[PDB]
Amino acid sequence: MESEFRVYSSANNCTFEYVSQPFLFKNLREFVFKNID
Amino acid sequence: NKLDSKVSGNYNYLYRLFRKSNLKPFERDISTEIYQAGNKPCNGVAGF
Ligand SMILES: *[C@@H]1O[C@H](CO)[C@@H](O)[C@H](O)[C@H]1NC(C)=O
Ligand SMILES: *[C@@H]1O[C@H](CO)[C@@H](O)[C@H](O)[C@H]1NC(C)=O
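These protein sequences, in sequence, are chains A and B.
According to the entry's author numbering, the stretch in the first sequence is residues 153 to 176, 186 to 198, in order.
The entry's author numbering puts the first residue of the second sequence at 439, with every later residue one more than the last.
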């Protein structure tokens, strides 16, 4: 595979990097995003 | 005062004097864009 490829070109002042276990016939996957405080 | 003061002065430390809107709690902005207070577009340079 071409890996990250054209998702991003450059990174400036990167302050975060959480790497853990991956998040993801048909399979329903539901997500709720909240940005509070 | 014994670590963060220089006779020349310390520029390694900066603060945001002007912003368009008050920040929401626990929010950090690292943008270096020009605060366009004037209707006329600063366009990346200082001016009136
Ligand atoms: C977040 O970005 C929006 C972009 O329109 C801006 O209007 C808003 O003021 C920013 N957040 C705050 C509350 O500073
Ligand atoms: C963040 O990155 C920009 C890239 O243009 C740089 O100018 C700026 O000095 C960096 N530092 C911060 C935390 O603003």
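Every residue, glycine too, gets a C-beta built ideally from N, C-alpha and C.
### Message
Just verifying my parser: in three-state terms, what is the DSSP assignment at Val171(A)?
### Response
When secondary structure is reduced to three states using DSSP, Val171(A) falls in the coil class, being assigned neither helix nor strand.
### Chain-ordered list of residues that sit, by beta carbon, closer than 7 Å to a heavy atom of ligand 2
Taken from the N-terminal end onward, the list reads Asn164(A), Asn165(A), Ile468(B), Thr470(B).
### Query
Which residues, in chain order, does the stretch 446-468 of chain B contribute to contact with chain A at a C-beta distance below 9 Å?
If the cut-off is 9 Å between Cβ atoms, the stretch 446-468 of chain B has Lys462, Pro463, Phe464, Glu465, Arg466, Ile468 near chain A.
### Query
With distances taken between CB atoms, is the gap from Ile468(B) to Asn165(A) smaller than 9 Å?
The answer is yes: Cβ separation under 9 Å.
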